[PDB]
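Protein chains in written order, with UniProt numbering: chain A, 32 to 84, 92 to 268; chain B, 32 to 268; chain C, 32 to 268; chain D, 32 to 268. A short worksheet on the structure shown next.
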Amino acid sequence: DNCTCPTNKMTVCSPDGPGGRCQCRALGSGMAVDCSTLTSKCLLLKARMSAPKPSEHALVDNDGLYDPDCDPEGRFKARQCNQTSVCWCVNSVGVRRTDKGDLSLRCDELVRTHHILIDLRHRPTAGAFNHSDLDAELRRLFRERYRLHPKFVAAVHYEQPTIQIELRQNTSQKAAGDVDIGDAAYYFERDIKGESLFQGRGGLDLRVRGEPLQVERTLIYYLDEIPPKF
Amino acid sequence: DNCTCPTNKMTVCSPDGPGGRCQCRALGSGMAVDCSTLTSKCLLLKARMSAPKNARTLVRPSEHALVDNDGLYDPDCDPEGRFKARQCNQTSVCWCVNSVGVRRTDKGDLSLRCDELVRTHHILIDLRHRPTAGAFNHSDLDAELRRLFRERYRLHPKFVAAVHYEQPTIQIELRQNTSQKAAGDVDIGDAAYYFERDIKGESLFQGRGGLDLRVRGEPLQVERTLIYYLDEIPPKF
Amino acid sequence: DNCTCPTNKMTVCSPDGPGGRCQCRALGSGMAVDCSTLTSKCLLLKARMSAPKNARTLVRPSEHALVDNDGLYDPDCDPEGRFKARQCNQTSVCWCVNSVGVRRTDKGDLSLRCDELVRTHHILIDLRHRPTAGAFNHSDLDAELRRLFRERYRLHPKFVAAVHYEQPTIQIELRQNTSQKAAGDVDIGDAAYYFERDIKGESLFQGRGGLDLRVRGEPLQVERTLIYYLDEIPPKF
Amino acid sequence: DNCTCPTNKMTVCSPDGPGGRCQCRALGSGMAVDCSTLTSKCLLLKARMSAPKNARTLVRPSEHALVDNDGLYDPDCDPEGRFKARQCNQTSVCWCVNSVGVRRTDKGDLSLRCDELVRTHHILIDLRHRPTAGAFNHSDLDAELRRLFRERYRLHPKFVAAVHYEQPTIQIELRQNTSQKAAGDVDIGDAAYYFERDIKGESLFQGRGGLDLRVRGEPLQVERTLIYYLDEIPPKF
């Protein structure tokens, strides 16, 4: 009864559907969105890279960001070109998994990313956190906030400052509508850097047993079912 | 209440959104759809061919099989839902299209550049109806055809240039420059598509299957159909 | 009975023959017609494509217009009623067709030579029907589509290769090589056409005129129909 | 009084020095750090890649894992803190880099030499901010992005070439030639880097976690960032 899209703020909803039914479409892609679970990373990248329309010419760092082509199911397309003739292949996370080729390039399958290492560093505290609670609370987080099944958070390590979350999802084990670790990860990263994609609960508090857990560095490593070809 | 997309049957809805909210998406395209007005031709062409996901007793049309309509094809649509100016389907064959999606140029290679999406501004729909003992009154035809675009196809009555009528063969002119298209005016390309799809009994409306098309009580059954598209820029062949 | 051609409505019958005999000629072709079985597609296309003359009020579409003719055209038909292997419309542009009449070669000039009438031996009819609450009993469906082509379109059961079924989309495979078609075996390409025309509500039968198309009582309404044509020799493009 | 390195949080202090003297050192490099001005970019990359000494429950990213950013790496930094003009990471893969860190030549082998540290004299900072009902006033924005670089990133005014503003977009240009960079003048490369890290929520300053960016009171959040580096010598690809 309120034309909002909680799970994806990168969208335009307006109650112009039959009877006031809230219609809501993805920003940049134009695709339909499901405001009950996570939106695919590919369509969220399409939003980031809207590209409405002064110039320069240089060398450039972009953080690996670009406007991808996403299939009807909203995942990445195996082949991915951004400039005119530079093309390559990507994994389910849409990172480059080959040497940039030419417009003839042949990518034959979307190689699944099945393991993701999230290494977080946290603002050191006088008293480090209880491993038990830190684990318990990170597992809750992925379960409740990112709607990821507990069976896909493989492990949660904890030493002084650096924290690590391992995610495992083979293709053999992802069923209908299971949220992808690819996307759970991305929602986490956005949250961590304070750009939460959630339209209404915006903000990652992330406090363990009351004490807040500020994160200072974040690195994410994608392991694919097939090793890249460089 | 009930998940319907009454302006585009070629969709998939369900009450699976926030607090039961009816979500609904475009078959094949996977794109978002406005269930309160017409859907862009492109989003509907994508839905037509549509490659069912797991065929699973089914068979796929052969590499060498061919259909009655050369021009039929699975297009690529931009985020606004209109045809991308350039349309490659074959491995290394590209072309440019107009706003209505038909081919404007000689087929090409993957280096091709289509600079703008040339606008189709005039459309000519050339129906022929299975004869009755006589003809009808042109008056009643113009009235009815203009009423259909006006109510059913939600096309502002200013964009029906003319209706012509002779022994049997009927004609409907549509005119819409890009200057005269306001916010959310339905396109004539879209209205025309909906019309033909209905004329040929693959209606895209929820409750309907075809076009009734009765004039002053007498039903009007349509044997032939021809739809000529005129572009602002003439096609380079 | 009465001067009626039950298998082809696109005709004029009158009892102007010897001793009030019923003579009946085919509209647009002028060809004879066998009112006991299906007429050839080529002759039915000719009927649809009359294109009457003298065009008083009607507008001539454009010099610079693109055509959406659904592949339809006025074909030339050999004295037996099959498609001429060489087809040229509107003048001076030609191509070769197959037994079903679709283009099989790149368009050509008035020197083009079409060796033979390459046969269409496999027809895939992909249907899609109005989703019900559930599905139908596959058995009953396959039984009723087999019965339909057998009784209605007078096609021999041995030519309906398969009948597949899933959620909504329904497929019907027909296979008739040249090596296996006898004298007065109705063609698959013709039964196909008769099917499509009935599917899209423009029945060709003079006196039934209705595809009830119900399976175990529940009616089967068809939302989308694609027909794929596989030739005994691949096309040359 | 309190062991704190406000200008670089990626370090380790302690009062283990002469008479309790606070001693502090950059993570991952073990280099000395000026806790009053910016630390060099090279020294920061080094600390991003720290790989803590013994994991000892932790795991190490595989030899095959990749990251989002192909140009993140662990650089070698000269004893002054700037990048070594030649960088290998792989077993047998070396290239050359600019004053800011990015590969400016083809990827060579272990007998590849690089014969100067090619300066980066002009940087383009492109930012897109999250939409608001309307724009800002270009007089306020420039008044602040110049005040921000001035005080926080401790960069001398005369090096902010320009501040632009288009539809959401904010161009910031930075110029610093070798001939204008005096001693203890913070490099632009190291102000540009500190900026992005704040823009993108990995701020390097002790107190802060991100960048507040309130122009006249309205907070400026930033969905997209693009940074373009121009080198005095053009890159030999």
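Note that the Cβ used here is the ideal one computed from N, Cα and C, for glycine as well.
- Under the 8 Å Cβ criterion, the region 195-211 of chain C counts as touching the region 147-158 of chain C, having at least three qualifying pairs.
- Contact with chain C is absent for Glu263 of chain B, since none of that chain's Cβ atoms lies less than 7 Å from the residue's Cβ.
- DSSP lists A:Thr151 as the bridge partner or partners of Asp262 of chain A.
- Annotation: Cβ neighbours of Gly102 of chain B in chain C (cutoff 7 Å, chain order): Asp99.
- Chain order gives no chain D residues near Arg245 of chain A, where near means a beta carbon separation below 9 Å; the closest approach is about 14 Å.
- Under the DSSP assignment, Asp171 of chain A falls in the alpha helix (DSSP H) whose first and last residues are 169-182.
- Between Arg206 of chain B and chain C, the shortest Cβ-Cβ separation is not below 7 Å.
- In this structure, A:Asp173 is the residue among A:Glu233, A:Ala192, A:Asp173, A:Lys231 with its C-alpha nearest to the C-alpha of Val246 of chain A.
- Taking a 10 Å sphere around the C-beta of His152 of chain D, we find 16 or more other C-beta atoms and assign the residue as buried.
- At a cut-off of 7 Å, the C-beta of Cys66 of chain A has a neighbouring C-beta in chain B.
- If you ignore the 5 residues before and after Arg185 of chain C, its C-beta comes within less than 7 Å of the C-beta of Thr68, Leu69, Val217, all in its own chain and listed in chain order.
- Between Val131 of chain A and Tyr259 of chain A, the gap from beta carbon to beta carbon reaches 7 Å or more.
- If you check each beta-carbon in the region 51-66 of chain B against every beta-carbon of chain A, the ones closer than 8 Å belong to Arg52, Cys53, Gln54, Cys55, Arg56, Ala57, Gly59, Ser60, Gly61, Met62, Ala63, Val64, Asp65, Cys66.
- Inclusion of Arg135 of chain D and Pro266 of chain D in the CB contact set at 7 Å is warranted, their separation being smaller than that value.
- The Cβ of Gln121 of chain B sits no closer than 7 Å to any Cβ of chain C.
- Runs of the beta strand (DSSP E) lying entirely within the UniProt domain "Thyroglobulin type-1" (70-145) of chain B, each at least 3 residues long, are absent.
- CA-to-CA, the gap between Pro83 of chain D and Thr88 of chain B works out to about 55 Å.
- Between the alpha carbons of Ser93 of chain D and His169 of chain C lies a distance of about 51 Å.
- Cβ atoms of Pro106 of chain C and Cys73 of chain C come within 8 Å of each other, at about 5 Å.
- Cβ contact annotation for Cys145 of chain B (same chain, cutoff 6 Å, sequence separation greater than five): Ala116, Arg117, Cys127, in chain order.
- Here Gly240 of chain B carries a coil assignment [DSSP, helix/strand/coil].
- Note on geometry: alpha-carbon atoms of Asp140 of chain D and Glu147 of chain D lie some 18 Å from one another.
- Membership of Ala223 of chain D in any beta strand (DSSP E) is not indicated; the residue belongs instead to the alpha helix (DSSP H) covering 219-230.
- From the listed residues D:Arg177, D:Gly50, D:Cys36, the smallest Cα separation to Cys66 of chain D is found for D:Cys36.
- Rounded to the nearest angstrom, the Cβ distance from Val98 of chain A to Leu235 of chain D is 22 Å, too far for a contact under 8 Å.
- Taking a beta-carbon distance threshold of 7 Å, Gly220 of chain A does not count as an interface residue toward chain D.
- In the DSSP assignment, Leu235 of chain B is bridged to no other residue.
- Annotated three-state conformation of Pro188 of chain A is helix, per DSSP.
- Counting the other Cβ atoms within 10 Å of the Cβ of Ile264 of chain A gives fewer than 16, which makes it exposed.
- In this structure, the beta-carbon distance from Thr42 of chain D to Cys53 of chain D does not fall below 7 Å.
- Chain B places no beta carbon closer than 7 Å to that of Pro83 of chain A, leaving this residue out of the contacts.
- DSSP, reduced to helix, strand and coil, places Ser45 of chain D within a strand of the structure shown.
- If you check the CB distance, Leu242 of chain A and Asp221 of chain A do not come in under 7 Å.
- Under the Cβ criterion of 7 Å, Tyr259 of chain D is counted among the residues facing chain A.
- Residues of the region 117-149 of chain C with a Cβ closer than 9 Å to any Cβ of chain B, in chain order: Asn129, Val131, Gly132, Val133, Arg134, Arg135.
- Within 7 Å of the CB of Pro46 of chain B, no CB atom of chain C is found; the nearest one sits about 16 Å away.
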